[PDB]
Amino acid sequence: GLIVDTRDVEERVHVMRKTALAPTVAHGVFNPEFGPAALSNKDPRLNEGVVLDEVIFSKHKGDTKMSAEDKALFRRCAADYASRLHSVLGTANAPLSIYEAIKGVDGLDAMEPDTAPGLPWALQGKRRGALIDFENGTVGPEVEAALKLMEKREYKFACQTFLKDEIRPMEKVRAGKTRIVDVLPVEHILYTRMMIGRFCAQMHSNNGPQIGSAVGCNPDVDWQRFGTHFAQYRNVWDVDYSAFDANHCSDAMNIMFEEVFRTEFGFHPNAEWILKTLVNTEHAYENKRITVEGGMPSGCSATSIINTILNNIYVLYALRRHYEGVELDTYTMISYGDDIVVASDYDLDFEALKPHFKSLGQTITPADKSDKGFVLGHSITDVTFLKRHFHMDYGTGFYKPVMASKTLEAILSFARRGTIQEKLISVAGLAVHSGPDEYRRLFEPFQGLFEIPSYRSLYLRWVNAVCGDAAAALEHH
């Protein structure tokens, strides 16, 4: 995005500067080059002179203004993707009720009750519970008044900036590159679920290459589906953006919202409006009040879907801006927000697409480090998606998601107080696909201290998950 004006205001907003993450018994063993992100300006692990505030917002470096020709091309790509999207999903995108928006529906989880309320409720000292009844799915007088203001389209707000407390690479911690969460008001989140929650539920149900979205997927089982798909194509590309979310130019966001969320596709007129309120935002970080134009605020509501949609349109745009006669069937892809895997039988020059992405404000690089630029001849087993490689299970013959051993080590090195036993069981579900030997090594430090699931048990559970009838068939002997 682009920082248009920063101001100092009396109403302070205390950002939390104290990590919940602590080292584990594995930290001594593995010694990862990872650590909790710096949450304080006076963190000793930082480098001298590093001001944590100026680094956080340095991602905002401009709002790329697209030319008329580029904007016209983008709309055609947005309309063409929207056409494909609503062909698969349908046009049953009518507003969710207040009840269904809170409680959720099949395909869409319920709203989190014990989480940040946003502004100006945190200032006033009232949490989500006081404003919204989550059991019965009704709302108090505060939210209901705000809900009507959004119908009238005279609702302004501020995003509350939280520091994201997480494990990050030591290079990023030393640099002061802590990620941030833009906490919007709970009513904005509710109303956004009202306008497009049906659509969102629908995209979770229909995740896959046909719509180019993995939001809603279960890597455990869906890796078989995605793996076999991308194996059929000659070339595959693992593309990486830098600061994807921030570099969504306002022009692109507006066009996308105009083309995807039209009334003729079964949406409410305010579906576009509420989404367009994300383009120009005001962020509240302590005494600072930073107005921003461009980019997407994380923790919005449909941010994964919105980013994923934009990702699809970018590829169609970039290819159409370099090659002639490109349709959606010229290539295939799957994305989860900024994360993206693309494939095609055509020998597409992705190196030559680089400057065409810079017209949108985005900067693309190959996920592979050593190779100097994009190259042809890569397959699905070379790339990475959702932090997982595509490996073949030689026992079942299915594809399985394998995370790098360093990532698993780093995960296991840190944990919140009194949640380690519950975390170990969760992490085992990921680590199982690394193989019996690597699995045993990963959980070596915890033996005796905690309960560790057997490789056997998690493997058998997985086989039933990917294909139930296969598991019963394996009982032939």
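Quick note: we count residues from 1 along the sequence shown, nothing fancier.
Problem - Stretch with the higher entry mean CA B-factor, where the candidates are 75 to 83 and 295 to 303 - result: Taking the mean C-alpha B-factor of 75 to 83 and of 295 to 303, the larger value falls to 295 to 303.
Handout entry: Between 112 to 120 and 237 to 245 (mean CA B-factor, as deposited), the higher
Key = Stretch with the greater average CA B-factor: 112 to 120.
Practice task
Tell me, please, which of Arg388, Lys276, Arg174, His204 has the highest C-alpha B factor according to the deposited entry?
Solution key: So the option with the highest C-alpha B-factor is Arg174.
Exercise for the section: Specify which of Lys148, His229, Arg262, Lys400 carries the largest Cα B factor in the deposited PDB entry. Expected result: Among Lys148, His229, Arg262, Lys400, the PDB entry lists the largest C-alpha B-factor for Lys148.
Handout entry: Where the record places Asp368 (Cα B-factor, split into thirds across the chain)
Key = Its C-alpha B-factor belongs to the highest third of this chain's values.
Handout entry: Ranked C-alpha temperature factor of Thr19 among modelled chain residues, by third
Key = It falls in the top third of the chain.
Exercise for the section: Quick one: classify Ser426 as lowest, middle or highest third of the chain based on its Cα B-factor. Expected result: It falls in the bottom third of the chain.
Problem - Within-chain third of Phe57 by Cα B-factor, per the entry - result: CA B-factor rank for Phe57: highest third.
Problem - B-factor third for the C-alpha atom of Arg225 within its chain - result: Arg225: CA B-factor falls in the lowest third of its chain.
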